[PDB]
There are 2 protein chains.
Amino acid sequence: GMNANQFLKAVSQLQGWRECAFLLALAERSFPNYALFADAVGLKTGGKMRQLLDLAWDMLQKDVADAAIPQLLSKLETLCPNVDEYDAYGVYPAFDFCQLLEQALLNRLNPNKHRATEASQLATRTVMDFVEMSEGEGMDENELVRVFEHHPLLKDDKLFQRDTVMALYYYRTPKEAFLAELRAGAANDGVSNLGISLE
Amino acid sequence: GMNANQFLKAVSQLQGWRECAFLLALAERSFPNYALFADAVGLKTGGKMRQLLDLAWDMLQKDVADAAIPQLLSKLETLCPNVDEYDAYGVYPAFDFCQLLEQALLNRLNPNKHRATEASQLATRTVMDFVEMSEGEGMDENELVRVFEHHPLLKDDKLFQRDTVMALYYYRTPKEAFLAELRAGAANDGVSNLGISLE
Ligand code: NA
Ligand code: NA
């Protein structure tokens with residue numbers, strides 16, 4: 001079990017397929033930002049990107065030749081926009097999406113590098129930057145941060161990331177092993193919901 | 001997937017073993033309140049209660065004779081304190097724990113009655129009542145609610161309940177089916193983290 005201050009701690013412990021699943025989840029949640037941008041500026045790349053991301057998800061339960069991975073990253077780079085070459089805001093979330101998928105692909109080649117923490121921060125920043133651009137003009141810093149605290153996009157993003165990480169954290173096979181983890185989490189080392197224990 | 005306002009909605013859809021697991025999780029998190037009370041007032045019932053709760057958890061993956069269930073509830077009633085017969089506060093969380101376990105036991109006999117919503121509200125109220133008693137004396141209502149909003153026991157309880165419900169919500173066998181649900185949740189019906197879609 002992880003307390004209300006232990007999101008980043010579960011994230012920091014993700015490894016193997018669970019880390020990949022978390023990275024792909026962050027990218028999937030961002031994908032329509034890529035599709036919308038590609039459409040808006042008349043690129044015909046939305047469909048090709050959807051396939052590359054589909055393939056990244058399929059790779060979770062398939063062997064893939066290491067030798068094949070650099071070409072996948074190369075394809076991604078050709079679909080990835082340069083933020084300086086487009087004036088519309090939408091290019092920024094489009095680029096952020098590509099960075100998320102890049103991490104998931106790089107992780108297949110170099111799985112031992114930890115990525116989930118920084119990918120999670122990036123995924124949050126996409127939402128914060130968008131709220132700031134769309135609603136923050138003329139606000140003092142402290143007003144903006146009050147907008148952030150109650151903004152539904154940021155409340156939802158936070159709980160999406162946490163739900164995903166925690167679903168992965170508890171997941172086990174078979175069912176019995178899953179229930180043992182859920183139980184252990186509730187038991188909380190013998191410390192109740194009121195912060196007391198029979199120590 | 002469930003948004004930041006959809007905790008109670010996932011809870012309301014729990015059924016079968018998942019509902020039982022959620023009820024048992026709420027009781028397990030409360031159990032040390034029972035143990036502490038039983039100890040404090042010199043009852044020798046903590047160990048007997050621990051066994052009954054252990055049995056409730058074991059029942060999750062075992063057939064049990066319906067005919068045996070009323071006797072389990074009867075045993076629980078004999079371990080359950082009357083709040084009016086003890087002056088110390090600790091009796092109240094002790095009683096709340098018994099109510100949580102009672103729901104889990106009743107659910108085995110009558111599984112079709114929905115219980116998780118009200119059990120979740122009770123489990124929250126235990127923490128709110130305790131914060132109010134221990135810290136709220138002399139506070140205006142609106143001050144108290146500001147304490148509630150940032151109190152670590154209440155922040156943690158909220159995320160414990162949500163982590164548990166969501167772990168159950170996503171769980172499937174085999175691994176592939178679990179990953180399909182996690183993916184679907186991230187895809188969010190084609191609506192990105194910025195609230196946009198290619199509709
Ligand atoms: Na890694
Ligand atoms: Na039920």
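What's counted below: heavy atoms across the whole structure, side chains too, no hydrogens, waters or symmetry copies. Just so we're on the same page: letters track the sequence lines, and every chain starts at 1.
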Check whether any side-chain heavy atom of A:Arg162 lies under 4.5 Å from a side-chain heavy atom of B:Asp163, and answer yes or no.
yes
How far apart are the closest heavy atoms of B:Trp57 and B:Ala21, and which atoms are they?
CH2-O, 4.0 Å
Side chain to side chain donor-acceptor pair (under 3.5 Å) pairs, two or more places apart, involving residues 58-67 of chain A:
none
Side-chain contact, heavy-atom cut-off 4.5 Å: B:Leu168 with B:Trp17?
yes
Residues, nucleotides or ligands: over 12 heavy atoms within 6.0 Å of B:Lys175 NZ:
yes
What's the separation between atom CG in B:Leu26 and atom OG1 in B:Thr124, rounded to the nearest 0.5 Å?
8.5 Å
Tell me, yes or no, whether the heavy-atom count around A:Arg172 atom CZ, taken from other residues, nucleotides or ligands under 6.0 Å, exceeds 12.
yes
Does atom CD of B:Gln15 have more than 12 heavy-atom neighbours, drawn from other residues, nucleotides or ligands, at distances under 6.0 Å?
no
For B:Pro81 and B:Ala94, the nearest pair of non-hydrogen atoms, with its separation, is CG-CB, 4.2 Å
Can you check whether B:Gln6's main-chain N or O pairs, donor with acceptor, with B:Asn3's side chain at less than 3.5 Å?
yes
Tell me, do A:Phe7 and A:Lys158 make a side-chain contact under 4.5 Å, heavy atoms counted?
no
Check: A:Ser30 and A:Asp96 side chains under 4.5 Å, non-hydrogen atoms
no
Residue pair A:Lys48 / A:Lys44: nearest heavy atoms and the distance that separates them
NZ-O, 4.4 Å
Straight-line distance of A:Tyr34 OH to B:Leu198 CG, nearest 0.5 Å:
12.5 Å
Check the side chains of A:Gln103 and A:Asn107 for a donor-acceptor pair under 3.5 angstrom, ignoring hydrogens and angles.
no
With a 4.5 Å limit on heavy-atom distance, are the side chains of B:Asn193 and A:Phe160 in contact?
no
B:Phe31: partners by ring-ring contact (aromatic ring centres under 6.0 Å, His included), with sequence neighbours left out:
B:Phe97
Only counting residues at least two apart or in another chain, list the ones meeting side chain to side chain contact (heavy atoms under 4.5 Å, CB included) with B:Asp54.
A:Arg183, B:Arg50
Could you walk me through whether B:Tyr92 and B:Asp129 pass the side-chain contact (heavy atoms from CB on, under 4.5 Å) test, one step at a time?
CA-CA 9 Å; B:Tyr92 287 100; B:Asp129 289 346; over 6 Å; no
Hydrophobic cluster identity match, B:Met139 and B:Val145, side-chain contacts under 4.5 Å
no
For residues B:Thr126 and B:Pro93, report the shortest heavy-atom separation together with the two atoms involved.
CG2-CB, 4.0 Å
NZ (A:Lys9) and OG1 (A:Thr117) are apart, to the nearest 0.5 Å, by 12.5 Å
Just do the side-chain contact (heavy atoms from CB on, under 4.5 Å) check on A:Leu36 and B:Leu194 with the steps written out, would you?
CA-CA 11 Å; A:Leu36 192 69; B:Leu194 306 183; over 6 Å; no
Can you list the residues that meet the ring-ring contact (aromatic ring centres under 6.0 Å, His included) rule with A:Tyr86, with sequence neighbours excluded?
A:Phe37
When rounded to the nearest 0.5 angstrom, what distance separates CG in B:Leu53 from CD in B:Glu28?
5.0 Å
Which atom of A:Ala10 lies closest to which atom of A:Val165, heavy atoms considered:
CB-CG1, 3.4 Å
Does atom CG of A:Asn142 have more than 12 heavy-atom neighbours from other groups under 6.0 Å away?
yes
Quick one: pull up CD in B:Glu19 and OG in B:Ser12 and give me the separation to the nearest 0.5 Å.
10.5 Å
Contacts under 3.5 angstrom, residues 131-138 of chain A side chains, donor-acceptor by atom type, not counting sequence neighbours:
unit_1	atom_1	unit_2	atom_2	d
A:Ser134	OG	A:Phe130	O	2.8
A:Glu135	OE1	A:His151	NE2	3.4
A:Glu135	OE2	A:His151	NE2	2.8

Evaluate the side-chain proximity of B:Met49 to B:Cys98: yes if any heavy-atom separation is below 4.5 Å, no if none is.
yes
Can you find a pair of side-chain heavy atoms, one from B:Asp157 and one from B:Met128, that are under 4.5 Å apart?
no
Ignoring hydrogens and geometry beyond distance, is a side-chain donor-acceptor pair present between A:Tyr170 and B:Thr164 at under 3.5 Å?
no
Following the transitive rule for hydrophobic clusters with a side-chain heavy-atom cut-off under 4.5 Å over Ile, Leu, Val, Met, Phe, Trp and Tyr, establish whether A:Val191 and B:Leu159 coincide in one cluster.
no
Nearest atoms (heavy-atom pairs only) where B:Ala56 meets B:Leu105
CB-CD2, 4.3 Å
Any chance you could measure B:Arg29, atom CZ, to B:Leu24, atom CG, to the nearest 0.5 Å?
14.0 Å
For A:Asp87, look at atom CG and say whether over 12 heavy atoms of other residues, nucleotides or ligands are found less than 6.0 Å away.
no
Honestly curious: do A:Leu52 and A:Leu23 fall in one hydrophobic cluster under the side-chain, below-4.5 Å linking rule?
no
CA sep, side-chain torsions, deciding dist, call: A:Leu106, A:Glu102, side-chain contact (heavy atoms from CB on, under 4.5 Å):
CA-CA 6 Å; A:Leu106 285 171; A:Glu102 179 182 35; 3.7 Å; yes
Should B:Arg108 and B:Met59 count as side-chain neighbours, where that means a heavy-atom distance under 4.5 Å?
yes
Run the numbers on B:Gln99 and B:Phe95 for side-chain contact (heavy atoms from CB on, under 4.5 Å), then give the verdict.
CA-CA 6 Å; B:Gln99 291 207 111; B:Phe95 177 81; 3.4 Å; yes
Contacts of B:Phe178 meeting ring-ring contact (aromatic ring centres under 6.0 Å, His included) (sequence neighbours excluded), chain-then-number -> A:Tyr171
